[PDB]
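Asker:
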Amino acid sequence: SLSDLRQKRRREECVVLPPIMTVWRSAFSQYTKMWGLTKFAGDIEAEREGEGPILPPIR
Amino acid sequence: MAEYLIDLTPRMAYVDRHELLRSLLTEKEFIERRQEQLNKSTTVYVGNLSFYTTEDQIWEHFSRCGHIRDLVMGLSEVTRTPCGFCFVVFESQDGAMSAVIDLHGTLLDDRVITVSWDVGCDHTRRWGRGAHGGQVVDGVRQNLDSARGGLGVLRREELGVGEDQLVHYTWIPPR
Amino acid sequence: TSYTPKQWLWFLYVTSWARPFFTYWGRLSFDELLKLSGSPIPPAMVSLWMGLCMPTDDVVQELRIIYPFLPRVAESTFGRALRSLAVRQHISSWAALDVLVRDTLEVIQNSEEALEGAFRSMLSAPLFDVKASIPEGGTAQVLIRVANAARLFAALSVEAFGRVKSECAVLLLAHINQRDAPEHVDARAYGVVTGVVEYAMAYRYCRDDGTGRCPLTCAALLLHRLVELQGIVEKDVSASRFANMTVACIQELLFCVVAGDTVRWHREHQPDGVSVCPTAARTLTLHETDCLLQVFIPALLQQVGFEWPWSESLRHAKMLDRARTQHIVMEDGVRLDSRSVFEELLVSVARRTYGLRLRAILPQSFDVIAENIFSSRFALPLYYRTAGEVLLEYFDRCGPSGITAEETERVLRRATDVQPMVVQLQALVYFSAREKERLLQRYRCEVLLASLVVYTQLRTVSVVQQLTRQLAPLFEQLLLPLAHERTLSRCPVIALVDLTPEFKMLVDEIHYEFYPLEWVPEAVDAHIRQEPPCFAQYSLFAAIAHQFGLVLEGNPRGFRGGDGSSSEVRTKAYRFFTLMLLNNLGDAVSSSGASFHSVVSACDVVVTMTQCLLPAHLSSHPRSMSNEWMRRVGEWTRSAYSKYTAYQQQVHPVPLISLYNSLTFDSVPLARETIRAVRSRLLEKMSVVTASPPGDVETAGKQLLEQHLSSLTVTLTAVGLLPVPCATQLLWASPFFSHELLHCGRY
RNA sequence: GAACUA
């Protein structure tokens, strides 16, 4: 990157998750997709960007 | 059982360069140190902790595997604030044995901890001894680990980029 | 290398029960055994013990040739017999699983079936299986056999290789990743997950090993290591499928807790005719619900970043709520509302994370729960205010490094010898010389503990432990006269039921504040009779908890709910009962143990939770105060007796949800966790003391710990947990917790 | 307690 734009990062924005999180997020998506589970009508409408902001996985 | 098929004897690939300077040993520390390590070593080193990570979070994950006689969080000598290295002392050596196997590689605070064996915790090594009172690892690191402050003190110092939410341990006498 | 026949037998004892589960080829090591089973693990995770060929010449020596126990596991009778019969059948070999388990069961009795029964025998002091293997599909009984073998293998592997997480994970991976058939892998994975979970819960229920290691956290870490090793093996059958199974099982248990019956949710909503859907065979017990919502799921979520199908799980659970009970077949069967379940899960999770982290992942449908789980400080009570503001000034002036017991004694005896209720107390219908000192020193001890709690705020374990050890001689010195003795000479309640003139004089003139447990139960008893006990004996932490307003209560709805206490009070009570009482129970006298200070006793912890669980109406000061107190307790006794009579008349095998409930222990999970942790800590400390070299201080410590265990049993019976209604049956009637403690087999 | 190597 080599970017000089550096400011305060709070604490919940400086969490980078291990590479294994791709497995577990795929597992959550698979368990929700099959077995017929749907989110709340109202969490689905966080398509206007208010939904959970989930931490980045490394690599 | 598997503790009879794998040699889980306490070991330290690490050598405190300051306890080797003393005793004047040419890497002879292992010959003498191993004793206090195999028997009576209940101290486990904690590594890769965010300056944000707090002792209660450390206490809970360790408490699961054993009761903690002493919980110590490393303090930068200059700031008396966490260096991201922690020392945990257990009443039971088996609890220390439990901690190294169970907690190695676990996320104590959304980060990969590295639990090791230590011969014992005195009140000297509890202070980071690198450049800016932190750990030597911090100066020589060439990466962006924001939870450890950002770039290493030596790469940050020259490039030119640089707290309050950190816990100031003012109940610990200054070194 | 050149193992002796003694060394060979032990190697065989640990690693010969596992060979039947792979398809004893005999005369082959575990690596070539796996090579003939499709090589489930790569040549990177193979261990050294897996490469040790079986012996020659020695084999006729070993045939001629009880078995030593293990370092840190309470082994089962079935496991000891199966691992001993496998050495007998490994050397005689120098199909196989069925004969091994059949012989092991026959050994136990003489001083599908044959594998389900083997699992039950292992997980018993019999165990009711939590998850059923019958729901697999149709026209395939092979899958049921594979799943049952996997469950047994997981139980035995946790029993033997449990203390080495990587070895157990590798063995379980080797079992699961056999190349028998594509549909067999799913059954093995489901069996392994079920076995690990059930074995952890059963171990924490009915197994004492004296090590202080939580089986549930180890189970969670083992499952996450299994997924990680699957991913590494996947890098070149998918870790995604294993994690999917792990989640599906956890969600099935969660929905069984919420629904209250075997809803068979995963069988109904199902993808296709070829899959394994986890299905609970019975409702969950209170202990299992506590395990899941307090230790297991929080640990698993911590590893997975507290991420989860939160919205989907919450939406489905609330739909499970609407049902009226379809059936209540199981006596020890608990049903909880969705809000209560997720509140408990998130308050257990919130201890290991920060509000922002949870709120970031939690969707907007959790806003009500999050706000209910997220006056949070310890403030000096008015009773200890002016005599504690001097001690706090001293503590701030020096700090935990500089605080000394000798100086604290003088600072405390100066700030608590000039104020009213102290200069008005040495003035004295007539108090004996022993009576007045047993009051003054009680007040000094209470002031010191309140000052310590306010100063430290119980936010850092290190400072709390330092100051408790440092001021531990002073606490023991001040508590020596009080100790276990009623502070007043005689019971404060005399039967119209009124109070002794001494108690009324103190409370209404000298303004001495007793905590509402030395006189409230014994007044409820008098009111019941109208139509010394352990809790009456002094406990310093009971008084301190009363003065800080640590009132823990159940919900208006019932067991269905749970914690009805405020979030601030719940957090303060957790910090208190975990970092001041339990952590100080048998803590080392010095830092850097086998040597401990008697500042906190087991009876102290139990009495403090009984005090915190009293009705808030009776644990609140009026606005003569003594008379209002008593009226209030009389009216409460009348109401509670009416409720008890109604419940008894309505009840005529009886389910625990139909019994009378005080909503004290079954509603607050902190109570149950603390009471269990008291005995677990006592046993672990006793193990550490025994392991130390014999002497005199060790013998004294052992005697003290045995007396602590006996006193813990006595105090539990004194509060109605271990059995016209009594006062204890009206204040602390907890059928679920009493059932667990009676059938746990530890009392 | 990454002192090689900064």
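Residue numbers (the numbering used here), protein chains in the order written: chain H, 67 to 125; chain Y, 371 to 545; chain C, 555 to 1301.
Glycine is no exception: its CB is placed at the ideal position from the N, C-alpha and C atoms.
Just reading off the beta strand (DSSP E) that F421(Y) is part of, what are its end residues?
Answerer: It is not in any beta strand (DSSP E) - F421(Y) carries neither H nor E in the DSSP assignment.
Asker: For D534(Y), decide whether its Cβ has a neighbour in chain H, counting only Cβ atoms nearer than 7 Å.
Answerer: No, its Cβ sits nowhere closer than 7 Å to a Cβ of chain H.
Asker: With distance defined between alpha-carbon atoms, name the residue in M1240(C), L1139(C) and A1287(C) nearest to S1212(C).
Answerer: Cα-wise, what sits closest to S1212(C) is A1287(C).
Asker: Looking at C-beta atoms only, is the number of pairs between the stretch 1109–1119 of chain C and the stretch 914–925 of chain C that lie closer than 8 Å three or more?
Answerer: Short answer: they don't touch.
Asker: Mind checking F632(C): buried by the 16 CB within 10 Å criterion, or exposed?
Answerer: With 16 or more Cβ atoms within 10 Å of its Cβ, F632(C) is classed as buried.
Asker: So, at 8 Å on beta carbons, what are the nonlocal neighbours of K990(C) in its own chain, with the 5 sequence-adjacent residues on each side left out?
Answerer: If we look at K990(C) and ignore the five residues flanking it on each side, its Cβ neighbours are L979, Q980 and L982.
Asker: Give me the chain Y residues within the contact set of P954(C), using Cβ-Cβ distance strictly less than 7 Å, ordered along the chain.
Answerer: Near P954(C) (Cβ distances below 7 Å), the residues of chain Y are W541.
Asker: Alpha carbon to alpha carbon, how far is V82(H) from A501(Y)?
Answerer: Cα to Cα, the separation comes out at about 26 Å.
Asker: Let's test the definition: count the other Cβ atoms within 10 Å of the Cβ of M873(C) and tell me whether it reaches 16, buried, or not, exposed.
Answerer: With fewer than 16 Cβ atoms within 10 Å of its Cβ, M873(C) is classed as exposed.
Asker: Relative to the C-alpha of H1081(C), which candidate in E1260(C), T1282(C), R988(C) and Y757(C) has its C-alpha closest?
Answerer: Residue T1282(C) is the option with its Cα nearest to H1081(C).
Asker: For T104(H), write down the residues that DSSP places opposite it in a beta bridge.
Answerer: Answer is none; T104(H) lacks a bridge partner.
Asker: Please determine, among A668(C), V1154(C), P596(C) and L726(C), the residue with the shortest C-alpha to C-alpha distance to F576(C).
Answerer: Of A668(C), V1154(C), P596(C) and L726(C), the residue nearest in Cα terms is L726(C).
Asker: Return no unless some Cβ of chain H is closer than 7 Å to the Cβ of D508(Y).
Answerer: Taking Cβ atoms only, chain H never reaches closer than 7 Å to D508(Y), which makes this a no.
Asker: For chain H, find out if any of its Cβ atoms is closer than 7 Å to the Cβ of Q918(C); answer yes or no.
Answerer: Judged by the 7 Å Cβ criterion, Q918(C) is in contact with chain H.
Asker: Would you mind sorting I124(H) into buried or exposed? The rule is 16 or more other CB atoms within 10 Å of its CB.
Answerer: Exposed, since its Cβ has fewer than 16 Cβ neighbours within 10 Å.
Asker: If you draw a straight line from the alpha carbon of residue 1379(C) to that of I804(C), how long is it in whole angstroms?
Answerer: Residue 1379(C) lies beyond the stretch modelled for chain C, which goes from 555 to 1301, so this question has no answer here.
Asker: Given that a residue counts as buried once 16 or more other Cβ atoms are within 10 Å of its Cβ, and exposed if not, what is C607(C)?
Answerer: Exposed, by the Cβ-count rule.
Asker: Would you kindly work out how many angstroms separate the C-alpha atoms of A834(C) and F809(C), rounded to a whole number?
Answerer: So the two alpha carbons sit approximately 9 Å from each other.
Asker: What's the C-alpha gap between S930(C) and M975(C)?
Answerer: Taking the straight line joining both Cα atoms gives about 29 Å.
Asker: Around the Cβ of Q1165(C), are there at least 16 other Cβ atoms within 10 angstroms (buried) or fewer (exposed)?
Answerer: Classification for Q1165(C): buried.
Asker: Please report whether the beta-carbon of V531(Y) lies at a distance below 7 Å from any beta-carbon of chain H.
Answerer: Interface residue, yes.
Asker: Given a limit of 9 Å on CB to CB distance, which residues of the stretch 425–442 of chain Y reach chain C?
Answerer: So the close ones are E425, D426, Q427, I428, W429, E430, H431, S433, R434, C435, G436, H437, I438, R439, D440, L441 and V442.
Asker: Three-state secondary structure (DSSP) at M1163(C)?
Answerer: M1163(C) falls in the helix class under three-state DSSP.
Asker: Can you name the start and end residues of the beta strand (DSSP E) that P452(Y) belongs to?
Answerer: Note, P452(Y): beta strand (DSSP E), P452 to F460.
Asker: Assuming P574(C) and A686(C) are in contact, meaning their beta carbons sit under 8 Å apart, how far apart are those beta carbons, in whole angstroms?
Answerer: Rounded, the Cβ-Cβ distance is 24 Å, inconsistent with contact.
Asker: Enumerated in chain order, which unbroken segments of the alpha helix (DSSP H) with a length of 4 residues or greater are wholly contained in the stretch 929–1008 of chain C?
Answerer: Counting only runs of 4 or more, we get 939–952 and 959–969.
Asker: How about residue 1310(C) and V1008(C): are their beta carbons less than 7 Å apart?
Answerer: Any answer about residue 1310(C) is impossible in this case: the structure gives chain C only from 555 up to 1301.
Asker: Strictly below 8 Å CB to CB, what residues from chain C border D109(H)?
Answerer: Chain C residues near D109(H): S865, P917, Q918 and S919.
Asker: Would you check if there are 3 or more beta carbon pairs closer than 8 Å linking the stretch 111–118 of chain H to the stretch 892–910 of chain C?
Answerer: Taking 8 Å as the limit for Cβ pairs, the verdict is that the stretch 892–910 of chain C does not touch the stretch 111–118 of chain H.
Asker: Count the other CB atoms, across all protein chains shown, that sit within 10 Å of the CB of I620(C); report buried if there are 16 or more and exposed otherwise.
Answerer: It is exposed - the Cβ of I620(C) has fewer than 16 other Cβ atoms within 10 Å.
Asker: Is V1187(C) closer than 7 Å to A1049(C) when the C-beta atoms are compared?
Answerer: No; because the gap between Cβ atoms is not below 7 Å, this pair is not in contact.
Asker: Quick one: is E713(C) buried, meaning 16 or more other Cβ sit within 10 Å of its Cβ, or exposed?
Answerer: Answer is buried; the Cβ neighbour count reaches 16.
Asker: Could you tell me whether the stretch 598–614 of chain C touches the stretch 673–684 of chain C, where touching means 3 or more Cβ pairs closer than 8 Å?
Answerer: Contact between the stretch 598–614 of chain C and the stretch 673–684 of chain C is absent, because fewer than three Cβ pairs lie under 8 Å.
Asker: Strictly below 9 Å CB to CB, what residues from chain C border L378(Y)?
Answerer: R717 and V718, listed in chain order.
Asker: Taking the alpha-carbon positions, what's the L103(H) to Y97(H) distance?
Answerer: Looking at the two C-alpha atoms, the distance is approximately 8 Å.
Asker: Which chain H residues sit within Cβ distance under 7 Å of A793(C)?
Answerer: What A793(C) touches in chain H: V89.
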